[PDB]
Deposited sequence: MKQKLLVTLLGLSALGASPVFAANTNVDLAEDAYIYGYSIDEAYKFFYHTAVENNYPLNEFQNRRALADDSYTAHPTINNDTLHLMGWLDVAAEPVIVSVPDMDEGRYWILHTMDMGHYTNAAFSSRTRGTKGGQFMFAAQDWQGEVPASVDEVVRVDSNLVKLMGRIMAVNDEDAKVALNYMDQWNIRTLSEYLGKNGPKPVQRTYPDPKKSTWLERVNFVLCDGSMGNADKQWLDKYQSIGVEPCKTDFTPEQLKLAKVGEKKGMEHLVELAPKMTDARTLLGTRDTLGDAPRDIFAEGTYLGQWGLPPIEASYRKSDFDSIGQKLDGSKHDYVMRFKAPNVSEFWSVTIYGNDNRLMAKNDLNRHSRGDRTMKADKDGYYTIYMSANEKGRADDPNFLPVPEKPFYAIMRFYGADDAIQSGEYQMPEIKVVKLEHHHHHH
């Protein structure tokens, strides 16, 4: 009844609460300046990270035209865990530009100089930039480009006197309730309006933008809601297979079910919408045995995945979830480093024995311990995005 409402209220607030906690534990307690650039991680790209704050005024992210063929992406998400911008080579090619992020309610004209304007519903937005680098010397090229990326407030951009940056007083996650954290974030922007359909339902629970006064009953419902809410999320998690329902924009997920949207944060917070990047993980061989380089040699043979940009498969150790040391310092293979057989099949051979393989582009080193492989798809088609496409099997070699 009210317990049911409280559960749904918490599930709606979950994505916002976890985004806040993440922001607090990173930017707040490490005192990261805003509007400035600061396992199982990519062996595919270099990165730039930061947090934009458009409360006082808009902010412009500058991206230089890039060199032909190099993958790059500027990805931003709001505090409700919605991707609100994904500018990249996939859809722009080499064309960079001046990208302005403004609060949804910001009144004002746009400089002729600005390429695109992104209206954001939270004043704080997480920014992540990725620039492809396929080898150490090529990385030096990409680095010369990343150095040109810039973040400037509109006033700074125009060389004008601007408003003083907003100074916030942040609720401590260790001693506050989820109601105060969520209401705090909701207040800092236009989220109240963008989430009206949800907020109209959970008002009696105490979820409301800027609300700090609560009744005993609301505090009680909040505790019960978080408990049942989390239980529900844990139980629902393993049943999720379609990434398109978990990671997206307000246009595609704004009205989607909250528990499913919430799994986006639960399973892979800050993840890119599948159309930009999808992934697959394999921990076992084709017969159900754990992948382990100390016990076998493996082989993977498959047709090229349907991607518009590129793909890759990377090796990680199960123990530290990090790439594993090997003499070739080779941790991944992909279409940029291999060529398909006369019949267009790619064949990856894996072993801990890397003697005489430096001249083998299809050879992928694997550690003398349990390992897993992560396949990444950039510009994947629907089948890959939805979870339908299955990762090629890795078989033990005699």
Margin query: In sequence order, which parts of the deposited sequence are missing C-alpha coordinates?
Written below: 1-24, 63-75, 436-443
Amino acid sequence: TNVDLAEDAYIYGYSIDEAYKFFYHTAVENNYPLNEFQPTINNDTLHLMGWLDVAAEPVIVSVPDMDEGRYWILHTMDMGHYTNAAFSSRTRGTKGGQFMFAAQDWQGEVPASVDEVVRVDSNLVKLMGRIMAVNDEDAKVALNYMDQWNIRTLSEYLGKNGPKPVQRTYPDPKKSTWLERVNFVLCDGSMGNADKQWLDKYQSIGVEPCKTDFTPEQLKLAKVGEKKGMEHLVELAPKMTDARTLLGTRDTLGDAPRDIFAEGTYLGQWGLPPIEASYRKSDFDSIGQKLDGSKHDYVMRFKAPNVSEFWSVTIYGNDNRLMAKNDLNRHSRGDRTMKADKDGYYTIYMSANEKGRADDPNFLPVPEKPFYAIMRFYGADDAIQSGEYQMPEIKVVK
From here on, numbers count along this sequence of modelled residues.
Notebook entry, point to check: Got a sec? Mean C-alpha B-factor, which is higher, 277-285 or 74-82?
Noted result: 277-285
Note to self: Per the record, averaged over C-alpha atoms, which has the higher B-factor: 376-384 or 12-20?
What the structure shows: 376-384
Checklist line | Peak C-alpha temperature factor (PDB record), options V120, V166, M100, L219 | finding: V166
Margin query: Take the CA temperature factors straight from the PDB entry and tell me which of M132, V125, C210, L253 peaks.
Written below: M132
Check: What third of its chain, lowest, middle or highest, does the C-alpha temperature factor of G50 fall into?
Finding: lowest
Check: Can you tell me which third, lowest, middle or highest, the CA B-factor of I315 falls into for its chain?
Finding: middle
Note to self: Quick check for you: using the entry's CA B-factors within this chain, is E57 in the lowest, middle or highest third?
What the structure shows: lowest
Margin query: Split into thirds by Cα B-factor across the chain's modelled residues, where does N35 land: lowest, middle or highest?
Written below: lowest
Margin query: Ranking the modelled residues of this chain by C-alpha B-factor as given in the entry, is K175 in the lowest, middle or highest third?
Written below: highest
